[PDB]
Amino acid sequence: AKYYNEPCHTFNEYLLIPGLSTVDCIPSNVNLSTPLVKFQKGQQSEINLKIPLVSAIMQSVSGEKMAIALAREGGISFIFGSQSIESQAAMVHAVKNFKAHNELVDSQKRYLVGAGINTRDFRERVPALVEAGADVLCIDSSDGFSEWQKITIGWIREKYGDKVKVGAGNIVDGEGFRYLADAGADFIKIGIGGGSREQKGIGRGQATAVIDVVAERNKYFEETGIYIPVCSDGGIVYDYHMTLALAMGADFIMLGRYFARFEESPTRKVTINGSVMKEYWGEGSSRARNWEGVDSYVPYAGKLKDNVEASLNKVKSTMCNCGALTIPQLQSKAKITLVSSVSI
């Protein structure tokens, strides 16, 4: 077997050491724009998020209202694919035709929206999603280091060329990244065993996963001239974990629990002895996938807007402490230290 020189680590094991903060770095001047899909050196991504946050491909988080609410703030949602092709396409269509400063929209001023797909019924689901107006797709899987994903991306390329964007994942190392990059993925999702590994035994600390995949992505860019955006998926407990994920190289972040707490999540608001909660279950739980996970409750946080703006104001503030006015500048200037077990 193959072993590693160092153990893997989670976001909770890191802290950022401040860099020079210039008089021009104030939160309001921080640009949180970020590329969503791959492009060649020298060019810009065809799709850029206004904020580096995307909602998880889950029944309990990415519904119509979520997609609309997040797009309004500059991010994008990936309508869950764990439902009929007709239902998902309908949700996508509803978001695209809803309108009939930081909002994420297309050339027709319609909100952007994503849609998750699986490596099984894509020959029928994809066309339906494209026709419905889906701006981007993403293969939804825990272990994306699979030939099934290569086959799915290949089919999409054969039928649509590079006109249909498709993210792939999840992977946690350079080999997995490399495989999906060569297969043609527009963006690669990072993360196995991090979300809200102690059942199947597969996974890797999210921080180590991001750091290693990013190094491979950069190596890949230097070899091919192709920059593939990567997504840190899961493992984000606190707002500062967002800044860490971005500083370590992730272009954007996918979150489930974070968004499930909002009024716009498609789950029922339930009051548990004085506390308003919201339902939240994984796609691997028996409660789903029947149209690897648990079924629980998250504290109600109110509307997405206020929470997202508060979280991002914190990120912007921290970025200025690190002397960065943009995500790429943060990824370049960030000083990241591991913290001792005892300190935690």
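Position 1 is the first residue in the sequence shown; the rest follow in order.
Student: Counting only residues that lack coordinates, how big is the gap in the deposited sequence between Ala100 and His101? Pick none, 1 to 3, 4 to 9 or 10 or more.
Tutor: A long stretch, 10 or more residues, is missing between them.
Student: Taking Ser196 and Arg197 as adjacent modelled residues, how many residues of the deposited sequence between them have no coordinates (none, 1 to 3, 4 to 9, 10 or more)?
Tutor: Per the deposited record, the segment joining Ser196 and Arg197 lacks coordinates for 4 to 9 residues.
Student: Pick between 325-333 and 19-27: the one whose mean CA B-factor in the entry is higher.
Tutor: On average, C-alpha B-factors are higher across 19-27.
Student: According to the deposited model, is the average Cα temperature factor higher in 303-311 or in 281-289?
Tutor: So the stretch with the higher mean C-alpha B-factor is 281-289.
Student: Maximum C-alpha temperature factor per the entry, among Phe252, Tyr220, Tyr258, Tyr160, belongs to which one?
Tutor: Of the options given, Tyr160 has the highest CA B-factor in the PDB entry.
Student: Hey, out of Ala181, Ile139, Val270, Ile171, whose CA B-factor is highest in the deposited coordinates?
Tutor: In the PDB entry, the greatest C-alpha B-factor among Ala181, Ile139, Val270, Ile171 is found at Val270.
Student: Divide the modelled residues of the chain into thirds by Cα B-factor and specify which third, lowest, middle or highest, holds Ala69.
Tutor: As the PDB entry reports it, the C-alpha B-factor of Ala69 lands in the middle third of its chain.
Student: Split into thirds by Cα B-factor across the chain's modelled residues, where does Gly144 land: lowest, middle or highest?
Tutor: According to the entry, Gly144 has a C-alpha B-factor in the chain's lowest third.
Student: Check where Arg204 lands among this chain's C-alpha B-factors and tell me if it's the lowest, middle or highest third.
Tutor: Within its chain, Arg204 is a lowest-third residue by C-alpha B-factor, going by the deposited values.
Student: Can you work out whether the C-alpha temperature factor of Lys150 puts it in the lowest, middle or highest third of the chain?
Tutor: It falls in the middle third of the chain.
Student: Just say lowest, middle or highest third for the CA B-factor of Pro266 relative to the other modelled residues in its chain.
Tutor: Ranked within chain, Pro266 CA B lands in the highest tercile.
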